[PDB]
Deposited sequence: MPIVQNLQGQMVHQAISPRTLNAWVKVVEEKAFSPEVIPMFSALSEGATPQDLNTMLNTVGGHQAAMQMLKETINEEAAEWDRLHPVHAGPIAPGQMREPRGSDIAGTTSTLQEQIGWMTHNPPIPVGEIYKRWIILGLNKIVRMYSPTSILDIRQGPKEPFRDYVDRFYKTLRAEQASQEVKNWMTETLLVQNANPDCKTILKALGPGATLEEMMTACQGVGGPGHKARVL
């Protein structure tokens, strides 16, 4: 991260050991379940591209996903180099934002210029786009295959449905259509008639309370 030194200079604070071990445990145990992206964003607050590269290099498993992430980062860097052709410090190329071309002192320079050139936040977005693709791909079952078992509690089916819907990460208009028309239709034949007896305007809290005894 970046911190004001007591001399008034902008200084990179090292990303702490507890942050790295938290990130490692999150990635290694939760295997790109959707929570990993919010937890990444929370752990990587104020991170330079050097700190972001440190986080991603410290991951040991899932190297297939880490290569998809690298290929996405290279792709987004190429899109940046396409949108922003090169022309008081030098402007970052896409490889500078990815922290390959740039030094840490350039990264602090850009991130503390006035106005700042937010290479840390821009790179975080490119990383999150790669993680989005990975999280979508690591989803174990598609939403159309989520249905409720005999004697499966409706609350436990809804937990499966919305965890899947969060991982698939379709647009909100598609999530609306899916929650309106799959969640009811894929409930088991006992819950399904109760749910349809609520009508199409029903709220999830009404569905869950109505089905709670079934």
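Visitor: As a test: can you identify every run of the deposited sequence that has no C-alpha position in this structure, in order?
Guide: In sequence order, the gaps with no modelled C-alpha are 1, 89-95, 223-232.
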